[PDB]
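Computed over heavy atoms, backbone and side chain alike; hydrogens, waters and symmetry mates excluded. Chain naming here is simple, since letters A, B, ... match the order of the sequence lines and numbering starts at 1 in each. Just follow the structure's listing: the first ligand is 1, and inside any ligand the first atom is 1.
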Amino acid sequence: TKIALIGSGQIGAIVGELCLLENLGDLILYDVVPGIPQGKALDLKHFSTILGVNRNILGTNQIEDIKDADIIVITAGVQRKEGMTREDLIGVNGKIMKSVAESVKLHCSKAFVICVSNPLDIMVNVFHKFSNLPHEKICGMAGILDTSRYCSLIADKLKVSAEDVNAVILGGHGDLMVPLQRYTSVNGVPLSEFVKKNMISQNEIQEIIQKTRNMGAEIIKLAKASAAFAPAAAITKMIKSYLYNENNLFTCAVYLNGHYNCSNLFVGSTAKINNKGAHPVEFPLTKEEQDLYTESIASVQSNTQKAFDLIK
Amino acid sequence: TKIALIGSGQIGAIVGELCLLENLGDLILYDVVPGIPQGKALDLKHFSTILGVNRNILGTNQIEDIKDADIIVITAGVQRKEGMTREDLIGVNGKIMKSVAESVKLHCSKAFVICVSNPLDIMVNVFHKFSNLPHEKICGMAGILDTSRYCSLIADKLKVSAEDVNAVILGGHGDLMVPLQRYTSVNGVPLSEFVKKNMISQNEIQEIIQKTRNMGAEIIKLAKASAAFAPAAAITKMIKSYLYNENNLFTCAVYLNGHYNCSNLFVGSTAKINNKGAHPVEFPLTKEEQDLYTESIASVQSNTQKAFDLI
Amino acid sequence: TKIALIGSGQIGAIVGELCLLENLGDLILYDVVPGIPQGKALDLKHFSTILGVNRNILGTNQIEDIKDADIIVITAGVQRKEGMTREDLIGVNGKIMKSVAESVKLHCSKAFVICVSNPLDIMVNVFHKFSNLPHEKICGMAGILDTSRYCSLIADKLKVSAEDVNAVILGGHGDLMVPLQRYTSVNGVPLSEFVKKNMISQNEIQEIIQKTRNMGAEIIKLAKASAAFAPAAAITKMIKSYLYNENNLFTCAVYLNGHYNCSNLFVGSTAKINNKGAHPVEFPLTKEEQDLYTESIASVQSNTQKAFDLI
Amino acid sequence: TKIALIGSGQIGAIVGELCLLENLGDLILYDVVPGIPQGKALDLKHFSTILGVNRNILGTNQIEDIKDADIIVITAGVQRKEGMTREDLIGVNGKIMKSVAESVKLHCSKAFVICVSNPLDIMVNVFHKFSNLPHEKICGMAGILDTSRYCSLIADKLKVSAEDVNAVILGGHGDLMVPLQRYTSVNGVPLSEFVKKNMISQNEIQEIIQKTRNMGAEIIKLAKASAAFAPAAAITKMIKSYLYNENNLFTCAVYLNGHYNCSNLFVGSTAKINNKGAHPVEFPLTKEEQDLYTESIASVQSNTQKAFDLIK
Ligand SMILES: NC(=O)c1ccc[n+]([C@@H]2O[C@H](COP(=O)([O-])OP(=O)(O)OC[C@H]3O[C@@H](n4cnc5c(N)ncnc54)[C@H](O)[C@@H]3O)[C@@H](O)[C@H]2O)c1
Ligand SMILES: Nc1nc(-c2ccc(F)c(F)c2)cs1
Ligand SMILES: Nc1nc(-c2ccc(F)c(F)c2)cs1
Ligand SMILES: Nc1nc(-c2ccc(F)c(F)c2)cs1
Ligand SMILES: Nc1nc(-c2ccc(F)c(F)c2)cs1
Ligand code: NA
């Protein structure tokens with residue numbers, strides 16, 4: 001098993017670390033910046049020696065070293081700094097994602113690709129358009145983070161472990177997010193039974209939904225850097241589901257093909273991951289739940305189209 | 001941390017093994033049979049060395065070596081063979097559980113006690129009666145094992161991982177068991193949505209409930225021995241929830257007083273486990289759900305009474 | 001990845017369990033006895049669900065289910081009874097291992113094969129002779145058990161963790177065993193420096209070597225069963241080294257090909273395991289160390305010849 | 001169990017992460033900079049939920065939150081960049097370590113303290129002087145990191161796993177470092193037997209020793225940041241040895257009192273760690289081995305005295 005990290009920044013390094021702990025494969029740490037992946041590869045080799053992990057680790061600036069990778073994780077791109085519009089970020093990261101898409105097609109066209117670069121809803125669609133890879137072999141990590149935050153906040157309020165708190169959240173981050181209380185459960189027991197027993201109020205659930213929408217910006221405001229540990233953990237879970245053919249269930253950006261009144265777009269949705277890739281499944285929404293999702297989908301459609309134009 | 005295994009048979013040894021792998025504590029392996037716990041302790045020490053685990057393991061025939069244990073697992077008992085119900089065993093297992101209860105009261109009255117001997121819900125009530133340990137410090141492992149079977153079978157049929165299939169199963173083993181489809185979910189999605197999508201039929205769910213009830217007897221019939229690995233894993237999860245104060249959610253035999261119309265009896269029910277013990281919670285049941293539960297509770301009540309008389 | 005357990009007794013089931021915990025592959029539990037592997041497969045599926053493991057487990061009485069296995073673990077064999085001579089055991093387990101060797105050649109000729117049946121030094125040679133598999137793709141598990149016991153006992157006496165106590169022990173179990181104090185170290189520091197500092201005496205080391213030779217029989221005498229947990233851990237380490245191409249270092253039965261004045265025999269020796277198999281290496285022994293090893297090798301040669309004749 | 005991280009930078013956060021994965025205890029992430037530990041605590045809580053870990057994590061700017069901590073890890077400092085020696089800072093890191101020493105004495109005087117700040121052997125001596133903690137309750141992580149690099153490189157050359165390559169390295173980082181070939185083994189077999197069999201040459205070993213000395217600076221030069229993963233792993237191993245009373249064997253900065261001719265000083269040496277702390281042991285060195293060690297010790301002695309002056 002060969003795991004290629006396209007981008008050896010904070011998230012890529014931590015995904016490497018978690019792939020080693022968890023013994024998923026040999027690592028290729030790739031970056032455009034001379035020396036960064038070489039340095040991080042040295043650090044992760046020494047880490048491996050202390051913790052009893054025996055996988056090969058290569059840090060490289062040569063894109064051909066991703067040859068025949070089973071797994072591609074794309075964190076390649078920049079952060080938006082002072083003087084940069086959202087449109088300038090989309091142009092720079094979209095050009096980078098186009099170039100990565102071309103390299104994956106050239107060197108490792110049978111890879112399972114996990115897109116992570118921001119803005120995520122857009123950059124997964126950019127990867128698909130320019131990769132010529134099968135839609136089942138592409139996904140974007142997002143929904144697991146939103147689900148993990150929502151479930152951990154519900155668990156805190158009910159004074160229970162988060163281990164058996166499960167929820168479906170459709171769409172993207174922030175305003176794009178569509179959480180389903182009907183598909184939220186605590187070790188099989190619907191959330192509504194806890195409301196009925198006054199262990200949590202509908203106002204507390206609304207407050208938790210707002211904290212969930214805002215969590216990425218809250219971490220950026222406090223740490224002056226975007227989340228890195230939890231994104232890495234979410235990516236590592238998706239890798240493991242593909243490699244071990246697990247059919248684990250996730251909300252991730254996945255290709256809709258008729259599902260939820262949508263085809264020919266990657267969007268945050270209910271999916272399972274196995275060794276054939278990431279496969280959507282449709283559940284019955286109410287009319288109001290589907291109207292909210294269709295609005296999330298229309299925004300992704302609109303922003304993706306704008307991004308293709310910003311890329312010439 | 002000191003984890004005392006009262007019974008060094010198949011389940012006790014595998015609980016020891018899983019506690020060493022998870023690094024939960026030092027072990028005391030106790031058994032009435034001279035040499036058995038000493039030999040298994042040697043084996044688990046060599047296993048520890050190969051796997052890089054550092055915990056102490058003592059095998060002993062002296063029950064006072066459980067002194068100041070944090071955790072007690074009781075498997076002291078006989079098992080059922082093919083042709084036998086769980087419920088037949090009450091006479092000899094009752095006397096054994098009474099004697100263990102007396103020793104735990106003497107030597108480690110502040111331990112969290114997980115009872116595993118069959119018949120499970122009866123032997124938990126026997127342990128409470130003769131130990132006088134606090135009600136919340138005593139439980140029985142059953143519901144996690146039943147739940148694991150039911151969730152495995154549902155996951156197989158839906159072609160999904162079992163990791164996010166969750167269910168509430170109330171009551172004891174076999175006919176005593178009350179699984180709740182309404183409190184079964186697949187990553188938050190109620191089971192009933194899968195029925196609606198024709199991914200599983202109500203007949204397939206009934207057949208899975210029957211396989212769940214009969215699983216213990218089926219394993220005994222095939223393997224010529226009762227289940228050991230899954231019971232051990234279920235016990236280890238409950239241990240970890242108590243030791244790390246996790247408030248993990250389980251169906252286990254727990255003391256109900258008022259919950260689900262039940263007075264003053266240990267029976268399989270919804271609970272959480274933290275470092276103060278096992279705490280029951282009551283959920284809103286349907287009339288038919290509560291009638292089935294009440295029927296299971298009445299059978300445990302009746303058999304517990306029979307057991308106290310036999311003892 | 002497909003891991004085939006040929007033998008679903010105590011050691012095979014625990015190897016299955018540890019392969020699931022380490023997520024090394026899908027399991028095939030094979031046995032000749034109807035129902036045993038089916039029952040244990042049910043138990044290990046339930047165990048998997050409780051611990052969040054997602055691998056396939058098949059219990060089967062049909063040898064063709066081992067088709068294209070990556071890994072074969074052979075525990076197929078009987079236990080020695082009082083009437084049963086060493087010669088009778090060799091005859092029964094020898095015939096079984098010949099049949100397994102033929103089935104592996106037919107169904108999974110690309111497997112890495114770990115032989116575990118008694119007597120270990122003979123039965124690995126029997127597998128090689130009748131399999132027509134490459135010698136690199138075969139090994140026998142023994143030396144790791146002796147090393148774990150010797151290192152645990154040295155660690156106990158020095159009051160240190162066993163994690164960084166390492167030793168080379170050549171040959172087989174009991175009288176076949178050739179431990180090298182010169183290749184024993186505590187986090188890089190030779191054993192002899194501890195003798196020099198009077199933290200351990202040469203008499204204490206000899207006593208530890210005798211306890212190591214006798215450990216198997218001691219566990220049998222206490223537990224009324226042979227070691228199972230530690231053998232399973234040793235086997236799972238060897239599996240992991242092959243599957244993850246680790247080049248981890250072991251004393252295991254490995255084919256010597258000029259090493260230590262020996263070719264054309266499997267014997268316990270210094271080897272590394274990677275995804276191409278099990279490869280010996282030779283280290284410089286003193287004349288006395290090599291004479292002891294050559295005597296162990298002559299005994300394995302002699303017993304293997306006897307076994308081929310009995311078979 | 002309460003684990004207090006004094007410093008919520010790259011090493012402290014990854015120590016937190018590894019303590020959560022290993023389930024060692026509840027975490028307190030402390031830092032002087034408002035918001036950084038709060039943001040990283042949120043990230044590590046979400047990480048915990050995704051990986052099925054249940055421990056409490058508090059990020060705080062209030063030093064009194066370290067109260068009754070069982071374990072203290074000190075990374076509070078500034079780091080060296082390329083063009084800087086370890087020993088350069090050292091007035092600012094010394095004042096920081098003095099202030100931490102005072103806080104630990106006030107709030108958690110029964111803690112086991114692992115010092116990590118950057119002139120490592122000096123800052124351990126500073127912590128002892130101003131904390132007055134018992135000598136065996138104070139140590140510094142260094143030797144495990146140097147050992148991991150040396151063992152990794154020997155394992156690479158012999159084409160073996162690093163799992164069973166073990167070595168004693170005495171003294172500090174860089175020129176302070178004294179590796180012992182005589183106390184290097186591969187699964188029990190002395191390194192000298194590999195030289196004898198021409199599997200590795202004395203020149204290859206010298207080159208490996210030089211790469212080991214320079215590795216910190218090499219990673220800084222390539223990754224534009226100091227090593228973080230392997231230091232964190234080395235710290236977590238020491239924490240685990242104390243918490244589980246393991247008597248694991250390490251080189252760490254430890255109080256010598258006659259050992260290896262060293263009087264009343266913390267220096268990199270052979271020690272075991274159990275729940276009573278870090279306990280030094282002396283092995284027989286040759287005259288050349290002891291002369292090199294005494295030279296390393298004299299430099300630490302000299303620089304510690306200089307550091308106390310820079311602190312006035
Ligand atoms: N999807 C989510 O939910 C989620 C959560 C948080 C962060 N993120 C995003 O993930 C991305 C990475 O985050 P990070 O903290 O690891 O960022 P980073 O800046 O730490 O790392 C990105 C790396 O990509 C490299 N890179 C730049 N151009 C490249 C090119 N042409 N080819 C290859 N590599 C190139 C950079 O040199 C850098 O090392 C960002 O876009 C961030 O916004 C997404
Ligand atoms: N193919 C199938 N997928 C699911 C499922 C998938 C993703 C989810 F997020 C979910 F909640 C259920 C259930 S069956
Ligand atoms: N005290 C509380 N218990 C629960 C709970 C307990 C057991 C269960 F089986 C469950 F599903 C929820 C949620 S809050
Ligand atoms: N095949 C090879 N083995 C070693 C080595 C092997 C086994 C041992 F047990 C050992 F102690 C060193 C170095 S290369
Ligand atoms: N008390 C004891 N310490 C050791 C020892 C300690 C540290 C080492 F680094 C070592 F190589 C041996 C051996 S016995
Ligand atoms: Na207790």
Side-chain angles (χ1 to χ4, degrees), chain B residues 1-4 25 68-72 104 108-114 133-134 136-137 239 242-243 245 275-277, chain C residues 143-144 147 154-155 157-161 164-170 180 183-191 193-194 197 199-200 241 247-252 254 259 268-274 276-283, chain D residues 143-144 147 154-155 157-161 163-170 180 183-191 193-194 197 199-200 241 247-252 254 259 268-274 278-283:
Chain B
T1 307
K2 184 169 189 208
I3 298 163
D68 298 331
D70 303 286
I71 295 283
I72 290 282
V104 169
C108 55
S109 66
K110 311 183 81 77
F112 185 61
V113 175
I114 303 162
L133 277 206
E136 77 275 5
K137 295 291 225 65
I239 293 171
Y242 178 90
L243 285 180
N245 194 38
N275 65 14
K276 286 147 279 143
Chain C
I144 292 166
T147 302
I154 285 173
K157 183 46 227 197
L158 295 180
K159 291 175 317 191
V160 297
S161 170
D164 295 307
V165 183
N166 294 95
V168 175
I169 299 179
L170 303 172
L180 303 180
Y183 294 173
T184 304
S185 68
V186 183
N187 190 40
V189 176
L191 186 54
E193 298 303 331
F194 295 88
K197 280 175 52 85
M199 288 169 79
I200 188 166
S241 195
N247 285 305
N248 267 310
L249 310 179
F250 304 98
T251 62
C252 63
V254 66
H259 311 82
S269 200
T270 46
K272 77 178 178 173
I273 298 179
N274 59 34
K276 293 179 179 179
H279 316 290
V281 63
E282 186 180 282
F283 287 109
Chain D
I144 294 167
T147 301
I154 288 177
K157 178 48 226 195
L158 296 177
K159 288 172 310 208
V160 294
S161 169
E163 282 193 46
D164 294 305
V165 182
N166 294 97
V168 175
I169 302 185
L170 302 173
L180 304 178
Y183 297 169
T184 306
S185 66
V186 181
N187 189 39
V189 179
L191 181 58
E193 297 295 90
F194 293 88
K197 279 177 42 80
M199 294 173 139
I200 190 165
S241 194
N247 284 305
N248 270 314
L249 308 180
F250 305 104
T251 61
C252 63
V254 64
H259 313 74
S269 199
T270 49
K272 81 180 175 167
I273 297 176
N274 61 32
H279 316 287
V281 64
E282 173 175 63
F283 290 106

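- Residues D:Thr270 and D:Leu249 have side chains not in contact (no heavy-atom distance under 4.5 Å, counting atoms from C-beta outward).
- C:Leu170 contributes atom CG, which lies 4.5 Å from atom CG of C:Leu180 (distance to the nearest 0.5 angstrom).
- A donor-acceptor contact shorter than 3.5 Å links the side chain of D:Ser241 to the backbone of D:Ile273.
- Contact check for D:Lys272 versus D:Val281: no side-chain heavy atoms found under the 4.5 Å cut-off.
- Applying the side chain to side chain contact (heavy atoms under 4.5 Å, CB included) criterion to B:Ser109, with sequence neighbours excluded, gives B:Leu133.
- Residues forming a salt bridge (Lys or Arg N to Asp or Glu O under 4.0 Å) with C:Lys157 (at least two apart in sequence, or on another chain): C:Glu204.
- Among the backbone and side-chain atoms of B:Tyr242, an N/O/S atom is found under 3.0 Å from the Na ion (ligand 6).
- Looking at B:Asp70 and the Na ion (ligand 6) together, the shortest N, O or S contact belongs to O.
- Within 4.0 Å of ligand 5, heavy atoms belong to protein residues C:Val160, C:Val186, C:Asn187, C:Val189, C:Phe194, C:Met199, D:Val168, D:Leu249, D:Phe250, D:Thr270, D:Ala271, D:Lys272, D:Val281, D:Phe283.
- For C:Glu193, the salt bridge (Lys or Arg N to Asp or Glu O under 4.0 Å) test picks out no residue, with sequence neighbours left out.
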